[PDB]
>>> print(open('data-v4.cif').read())   # mmCIF, N, CA and C atoms
data_my_file
#
loop_
_atom_site.label_atom_id
_atom_site.label_comp_id
_atom_site.auth_asym_id
_atom_site.auth_seq_id
_atom_site.Cartn_x
_atom_site.Cartn_y
_atom_site.Cartn_z
N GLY A 1 -36.92 -90.88 36.22
CA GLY A 1 -37.06 -89.91 35.16
C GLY A 1 -37.34 -88.51 35.67
N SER A 2 -36.36 -87.63 35.52
CA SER A 2 -36.49 -86.25 35.98
C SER A 2 -36.20 -85.27 34.85
N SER A 3 -35.11 -85.51 34.13
CA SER A 3 -34.71 -84.65 33.03
C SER A 3 -34.20 -85.47 31.85
N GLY A 4 -33.91 -84.79 30.74
CA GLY A 4 -33.42 -85.48 29.56
C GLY A 4 -34.18 -85.09 28.31
N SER A 5 -34.44 -86.07 27.45
CA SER A 5 -35.16 -85.83 26.21
C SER A 5 -34.72 -84.51 25.58
N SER A 6 -33.42 -84.26 25.57
CA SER A 6 -32.88 -83.03 25.01
C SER A 6 -33.28 -82.88 23.55
N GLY A 7 -33.05 -83.92 22.76
CA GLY A 7 -33.40 -83.89 21.35
C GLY A 7 -32.56 -82.89 20.58
N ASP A 8 -32.65 -82.95 19.25
CA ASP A 8 -31.89 -82.05 18.39
C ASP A 8 -32.66 -81.75 17.11
N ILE A 9 -33.15 -80.51 16.99
CA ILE A 9 -33.90 -80.10 15.82
C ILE A 9 -33.00 -79.41 14.80
N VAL A 10 -33.00 -79.93 13.57
CA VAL A 10 -32.18 -79.36 12.51
C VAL A 10 -32.11 -77.84 12.62
N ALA A 11 -30.91 -77.34 12.89
CA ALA A 11 -30.70 -75.90 13.02
C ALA A 11 -29.23 -75.54 12.84
N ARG A 12 -28.97 -74.55 11.99
CA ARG A 12 -27.60 -74.12 11.72
C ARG A 12 -27.01 -73.42 12.94
N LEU A 13 -25.68 -73.33 12.98
CA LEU A 13 -24.99 -72.69 14.09
C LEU A 13 -24.10 -71.55 13.60
N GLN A 14 -24.65 -70.71 12.73
CA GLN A 14 -23.91 -69.58 12.18
C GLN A 14 -24.38 -68.27 12.79
N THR A 15 -24.71 -68.31 14.08
CA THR A 15 -25.18 -67.12 14.78
C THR A 15 -24.75 -67.14 16.24
N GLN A 16 -25.07 -66.07 16.96
CA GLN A 16 -24.72 -65.97 18.37
C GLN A 16 -25.94 -65.63 19.22
N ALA A 17 -26.06 -66.30 20.36
CA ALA A 17 -27.19 -66.07 21.26
C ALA A 17 -26.71 -65.61 22.63
N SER A 18 -27.65 -65.14 23.46
CA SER A 18 -27.32 -64.67 24.80
C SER A 18 -28.45 -64.97 25.77
N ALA A 19 -28.10 -65.56 26.91
CA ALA A 19 -29.09 -65.90 27.93
C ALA A 19 -28.78 -65.20 29.25
N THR A 20 -29.67 -65.37 30.22
CA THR A 20 -29.49 -64.75 31.53
C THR A 20 -29.88 -65.71 32.65
N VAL A 21 -29.38 -65.44 33.85
CA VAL A 21 -29.68 -66.28 35.01
C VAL A 21 -30.07 -65.44 36.22
N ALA A 22 -31.35 -65.50 36.58
CA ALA A 22 -31.85 -64.74 37.72
C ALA A 22 -31.34 -65.32 39.03
N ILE A 23 -30.45 -64.58 39.69
CA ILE A 23 -29.88 -65.02 40.96
C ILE A 23 -29.72 -63.85 41.92
N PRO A 24 -29.67 -64.16 43.23
CA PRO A 24 -29.51 -63.15 44.28
C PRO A 24 -28.12 -62.52 44.27
N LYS A 25 -28.07 -61.21 44.52
CA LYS A 25 -26.81 -60.49 44.55
C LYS A 25 -25.85 -61.10 45.56
N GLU A 26 -26.38 -61.99 46.41
CA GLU A 26 -25.57 -62.64 47.43
C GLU A 26 -24.80 -63.82 46.83
N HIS A 27 -25.29 -64.34 45.71
CA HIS A 27 -24.65 -65.47 45.05
C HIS A 27 -23.68 -64.98 43.97
N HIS A 28 -23.91 -63.77 43.48
CA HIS A 28 -23.06 -63.19 42.45
C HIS A 28 -21.58 -63.32 42.82
N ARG A 29 -21.29 -63.21 44.12
CA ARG A 29 -19.92 -63.32 44.60
C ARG A 29 -19.40 -64.74 44.45
N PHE A 30 -20.25 -65.72 44.75
CA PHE A 30 -19.87 -67.12 44.65
C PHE A 30 -19.54 -67.49 43.21
N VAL A 31 -19.86 -66.59 42.28
CA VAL A 31 -19.59 -66.82 40.87
C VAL A 31 -18.34 -66.08 40.42
N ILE A 32 -18.03 -64.98 41.10
CA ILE A 32 -16.86 -64.18 40.77
C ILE A 32 -15.60 -64.77 41.41
N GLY A 33 -15.73 -65.22 42.65
CA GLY A 33 -14.59 -65.79 43.35
C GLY A 33 -14.20 -65.00 44.58
N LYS A 34 -13.40 -65.61 45.45
CA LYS A 34 -12.96 -64.96 46.67
C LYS A 34 -12.36 -63.59 46.36
N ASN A 35 -11.40 -63.56 45.44
CA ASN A 35 -10.75 -62.31 45.05
C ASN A 35 -11.14 -61.91 43.64
N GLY A 36 -11.52 -62.89 42.83
CA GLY A 36 -11.91 -62.62 41.46
C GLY A 36 -11.27 -63.57 40.47
N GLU A 37 -11.33 -64.86 40.77
CA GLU A 37 -10.75 -65.88 39.90
C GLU A 37 -11.84 -66.78 39.32
N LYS A 38 -12.85 -67.07 40.12
CA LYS A 38 -13.95 -67.92 39.69
C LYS A 38 -14.47 -67.49 38.32
N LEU A 39 -15.04 -66.29 38.26
CA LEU A 39 -15.57 -65.75 37.00
C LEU A 39 -14.57 -65.96 35.86
N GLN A 40 -13.31 -65.65 36.12
CA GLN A 40 -12.26 -65.81 35.12
C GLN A 40 -12.26 -67.22 34.55
N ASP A 41 -12.09 -68.21 35.42
CA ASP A 41 -12.07 -69.60 35.00
C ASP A 41 -13.31 -69.94 34.17
N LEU A 42 -14.46 -69.46 34.63
CA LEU A 42 -15.72 -69.72 33.93
C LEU A 42 -15.69 -69.12 32.52
N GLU A 43 -15.42 -67.83 32.44
CA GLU A 43 -15.36 -67.14 31.15
C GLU A 43 -14.50 -67.92 30.16
N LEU A 44 -13.41 -68.50 30.66
CA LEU A 44 -12.51 -69.28 29.82
C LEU A 44 -13.07 -70.67 29.54
N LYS A 45 -13.17 -71.48 30.59
CA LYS A 45 -13.70 -72.83 30.46
C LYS A 45 -14.92 -72.86 29.54
N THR A 46 -15.77 -71.85 29.68
CA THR A 46 -16.98 -71.75 28.87
C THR A 46 -16.75 -70.88 27.64
N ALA A 47 -15.69 -70.08 27.68
CA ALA A 47 -15.35 -69.20 26.57
C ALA A 47 -16.51 -68.26 26.24
N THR A 48 -17.25 -67.87 27.27
CA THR A 48 -18.39 -66.97 27.10
C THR A 48 -18.09 -65.58 27.65
N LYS A 49 -19.02 -64.65 27.45
CA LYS A 49 -18.85 -63.29 27.93
C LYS A 49 -19.79 -63.00 29.10
N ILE A 50 -19.38 -63.41 30.29
CA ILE A 50 -20.18 -63.19 31.49
C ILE A 50 -20.20 -61.72 31.88
N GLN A 51 -21.37 -61.23 32.27
CA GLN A 51 -21.52 -59.84 32.67
C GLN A 51 -22.36 -59.72 33.94
N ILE A 52 -21.73 -59.28 35.02
CA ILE A 52 -22.43 -59.13 36.30
C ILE A 52 -22.73 -57.66 36.58
N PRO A 53 -23.97 -57.40 37.03
CA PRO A 53 -24.41 -56.04 37.36
C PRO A 53 -23.73 -55.48 38.60
N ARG A 54 -23.67 -54.16 38.70
CA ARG A 54 -23.05 -53.50 39.84
C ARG A 54 -23.75 -53.87 41.14
N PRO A 55 -23.03 -53.76 42.26
CA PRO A 55 -23.56 -54.08 43.59
C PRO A 55 -24.61 -53.07 44.05
N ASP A 56 -24.84 -52.05 43.23
CA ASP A 56 -25.81 -51.02 43.55
C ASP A 56 -26.95 -51.01 42.54
N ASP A 57 -26.80 -51.79 41.48
CA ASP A 57 -27.82 -51.87 40.44
C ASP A 57 -28.92 -52.85 40.83
N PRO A 58 -30.17 -52.49 40.50
CA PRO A 58 -31.34 -53.32 40.82
C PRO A 58 -31.38 -54.60 39.99
N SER A 59 -30.34 -54.81 39.18
CA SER A 59 -30.26 -56.00 38.34
C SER A 59 -29.45 -57.10 39.02
N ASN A 60 -30.11 -58.21 39.31
CA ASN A 60 -29.46 -59.34 39.97
C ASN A 60 -29.36 -60.54 39.02
N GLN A 61 -29.64 -60.30 37.75
CA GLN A 61 -29.58 -61.35 36.74
C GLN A 61 -28.32 -61.24 35.89
N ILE A 62 -27.53 -62.30 35.87
CA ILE A 62 -26.29 -62.32 35.10
C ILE A 62 -26.58 -62.55 33.62
N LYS A 63 -25.67 -62.09 32.76
CA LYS A 63 -25.81 -62.25 31.32
C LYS A 63 -24.70 -63.13 30.76
N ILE A 64 -25.09 -64.12 29.95
CA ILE A 64 -24.12 -65.03 29.35
C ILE A 64 -24.31 -65.10 27.84
N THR A 65 -23.26 -64.74 27.10
CA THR A 65 -23.30 -64.76 25.64
C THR A 65 -22.20 -65.64 25.07
N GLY A 66 -22.49 -66.30 23.96
CA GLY A 66 -21.51 -67.17 23.33
C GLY A 66 -22.15 -68.30 22.55
N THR A 67 -21.46 -69.42 22.46
CA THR A 67 -21.96 -70.58 21.74
C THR A 67 -22.98 -71.35 22.57
N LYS A 68 -24.00 -71.89 21.90
CA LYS A 68 -25.04 -72.65 22.57
C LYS A 68 -24.45 -73.55 23.65
N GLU A 69 -23.30 -74.14 23.35
CA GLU A 69 -22.63 -75.03 24.29
C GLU A 69 -21.93 -74.23 25.39
N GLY A 70 -21.28 -73.14 25.00
CA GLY A 70 -20.59 -72.31 25.97
C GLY A 70 -21.51 -71.75 27.03
N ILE A 71 -22.51 -70.98 26.60
CA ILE A 71 -23.46 -70.39 27.53
C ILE A 71 -24.06 -71.44 28.45
N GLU A 72 -24.34 -72.62 27.90
CA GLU A 72 -24.91 -73.71 28.67
C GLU A 72 -23.99 -74.11 29.82
N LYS A 73 -22.71 -74.31 29.51
CA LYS A 73 -21.73 -74.69 30.51
C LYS A 73 -21.70 -73.67 31.66
N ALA A 74 -21.72 -72.39 31.31
CA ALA A 74 -21.70 -71.33 32.30
C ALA A 74 -23.03 -71.25 33.05
N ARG A 75 -24.12 -71.46 32.33
CA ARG A 75 -25.45 -71.42 32.93
C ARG A 75 -25.67 -72.60 33.87
N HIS A 76 -25.06 -73.74 33.53
CA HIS A 76 -25.19 -74.94 34.35
C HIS A 76 -24.33 -74.83 35.61
N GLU A 77 -23.20 -74.14 35.50
CA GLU A 77 -22.30 -73.96 36.63
C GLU A 77 -22.80 -72.85 37.55
N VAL A 78 -23.14 -71.71 36.97
CA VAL A 78 -23.63 -70.57 37.74
C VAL A 78 -24.89 -70.94 38.52
N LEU A 79 -25.70 -71.83 37.95
CA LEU A 79 -26.93 -72.26 38.59
C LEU A 79 -26.64 -73.29 39.68
N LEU A 80 -25.80 -74.27 39.36
CA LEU A 80 -25.44 -75.31 40.30
C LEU A 80 -24.91 -74.71 41.60
N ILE A 81 -24.09 -73.68 41.48
CA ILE A 81 -23.52 -73.01 42.64
C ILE A 81 -24.58 -72.22 43.40
N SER A 82 -25.29 -71.36 42.68
CA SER A 82 -26.34 -70.54 43.28
C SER A 82 -27.40 -71.41 43.94
N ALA A 83 -27.63 -72.59 43.37
CA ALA A 83 -28.62 -73.51 43.90
C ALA A 83 -28.17 -74.08 45.24
N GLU A 84 -26.94 -74.60 45.28
CA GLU A 84 -26.40 -75.17 46.51
C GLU A 84 -26.62 -74.24 47.69
N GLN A 85 -26.39 -72.95 47.47
CA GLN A 85 -26.56 -71.95 48.52
C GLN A 85 -27.98 -71.99 49.08
N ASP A 86 -28.95 -72.14 48.19
CA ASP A 86 -30.35 -72.19 48.59
C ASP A 86 -30.61 -73.38 49.51
N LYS A 87 -29.87 -74.46 49.30
CA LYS A 87 -30.03 -75.66 50.11
C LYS A 87 -28.99 -75.70 51.23
N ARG A 88 -28.56 -74.52 51.67
CA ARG A 88 -27.57 -74.41 52.74
C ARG A 88 -28.06 -75.11 54.00
N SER A 89 -27.17 -75.24 54.98
CA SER A 89 -27.50 -75.89 56.24
C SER A 89 -27.07 -75.04 57.43
N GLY A 90 -25.82 -74.59 57.39
CA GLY A 90 -25.30 -73.76 58.47
C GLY A 90 -24.28 -72.75 57.99
N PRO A 91 -23.43 -72.27 58.92
CA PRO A 91 -22.39 -71.29 58.60
C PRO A 91 -21.28 -71.88 57.75
N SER A 92 -21.38 -71.68 56.43
CA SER A 92 -20.38 -72.20 55.51
C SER A 92 -18.97 -71.93 56.03
N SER A 93 -18.35 -72.97 56.59
CA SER A 93 -17.00 -72.85 57.13
C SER A 93 -15.96 -73.14 56.05
N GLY A 94 -15.28 -72.09 55.60
CA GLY A 94 -14.27 -72.25 54.57
C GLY A 94 -14.82 -72.09 53.17
#
>>> encode(input="data-v4.cif", output="structure tokens")
Amino acid sequence: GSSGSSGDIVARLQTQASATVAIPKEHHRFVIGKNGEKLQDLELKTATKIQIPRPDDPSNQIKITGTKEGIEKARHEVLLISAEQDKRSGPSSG
């Protein structure tokens, strides 16, 4: 037992929310893609509005807006990737 017990509290879905993910500017790239395809796929697959801060801005937290399910998908992916980096081992070859 580590996670779960999501539960569901009676709540309408006639609104829009927005969340953020605190990550290092070094991982922001791993979310955008080698040339700039990753972010694209995410924005679509999740159908959310991802917004990454400039490489000179003191803001290293990404913004995700959309459907409770959409933002979640992007938040779960953006985190999974950024997390793996933290558990790195050596010189990522390839």
>>> residues_around(input="data-v4.cif", residues="residue 73 of chain A", least_positions_apart="6", cutoff="8 Å", atoms="all atoms listed in the file", output="PyMOL selection string")
chain A and resi 42+45-46+67+79
>>> write_last_selection(input="data-v4.cif", atoms="N, CA and C atoms", output="tab-separated table (two decimals), in the coordinates of the input")
chain	number	residue	atom	x	y	z
A	42	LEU	N	-14.46	-69.46	34.63
A	42	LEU	CA	-15.72	-69.72	33.93
A	42	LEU	C	-15.69	-69.12	32.52
A	45	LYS	N	-13.17	-71.48	30.59
A	45	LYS	CA	-13.70	-72.83	30.46
A	45	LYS	C	-14.92	-72.86	29.54
A	46	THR	N	-15.77	-71.85	29.68
A	46	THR	CA	-16.98	-71.75	28.87
A	46	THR	C	-16.75	-70.88	27.64
A	67	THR	N	-21.46	-69.42	22.46
A	67	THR	CA	-21.96	-70.58	21.74
A	67	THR	C	-22.98	-71.35	22.57
A	79	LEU	N	-25.70	-71.83	37.95
A	79	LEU	CA	-26.93	-72.26	38.59
A	79	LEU	C	-26.64	-73.29	39.68
>>> residues_around(input="data-v4.cif", residues="residue 59 of chain A", least_positions_apart="5", cutoff="8 Å", atoms="all atoms listed in the file", output="PyMOL selection string")
chain A and resi 23-25+52-54
>>> resolve_selection(input="data-v4.cif", expression="the PyMOL selection byres ((chain A and resi 8-18) around 5)", output="ChimeraX atom specification")
/A:6-7,19-20,64-66
>>> atom_distance(input="data-v4.cif", atom1="atom CA of residue 68 of chain A", atom2="atom CA of residue 55 of chain A")
28.1 Å
>>> residues_around(input="data-v4.cif", residues="segment 27-35 of chain A", least_positions_apart="5", cutoff="6.5 Å", atoms="all atoms listed in the file", output="mmCIF file with N, CA and C atoms, keeping the file's coordinate frame")
data_model
loop_
_atom_site.group_PDB
_atom_site.id
_atom_site.type_symbol
_atom_site.label_atom_id
_atom_site.label_comp_id
_atom_site.auth_asym_id
_atom_site.auth_seq_id
_atom_site.Cartn_x
_atom_site.Cartn_y
_atom_site.Cartn_z
ATOM 1 N N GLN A 40 -13.310 -65.650 36.120
ATOM 2 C CA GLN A 40 -12.260 -65.810 35.120
ATOM 3 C C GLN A 40 -12.260 -67.220 34.550
ATOM 4 N N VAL A 78 -23.140 -71.710 36.970
ATOM 5 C CA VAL A 78 -23.630 -70.570 37.740
ATOM 6 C C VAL A 78 -24.890 -70.940 38.520
ATOM 7 N N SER A 82 -25.290 -71.360 42.680
ATOM 8 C CA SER A 82 -26.340 -70.540 43.280
ATOM 9 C C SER A 82 -27.400 -71.410 43.940
#
>>> closest_residue(input="data-v4.cif", among="A:74, A:26, A:4, A:62", to="residue 47 of chain A", atoms="all atoms listed in the file")
A:74
>>> closest_residue(input="data-v4.cif", among="A:50, A:84, A:58, A:93", to="residue 72 of chain A", atoms="only C-alpha atoms")
A:50
>>> atom_distance(input="data-v4.cif", atom1="atom N of residue 61 of chain A", atom2="atom C of residue 77 of chain A")
14.3 Å
>>> select_by_dssp(input="data-v4.cif", residues="segment 51-84 of chain A", states="alpha helix (DSSP H)", output="list in words")
residues 68, 69, 70, 71, 72, 73, 74, 75, 76, 77, 78, 79, 80, 81, 82, 83 and 84 of chain A
>>> atom_distance(input="data-v4.cif", atom1="atom CA of residue 43 of chain A", atom2="atom CA of residue 5 of chain A")
27.7 Å
>>> select_by_dssp(input="data-v4.cif", residues="segment 1-92 of chain A", states="strand (DSSP E or B)", output="PyMOL selection string")
chain A and resi 17-22+51+61-66
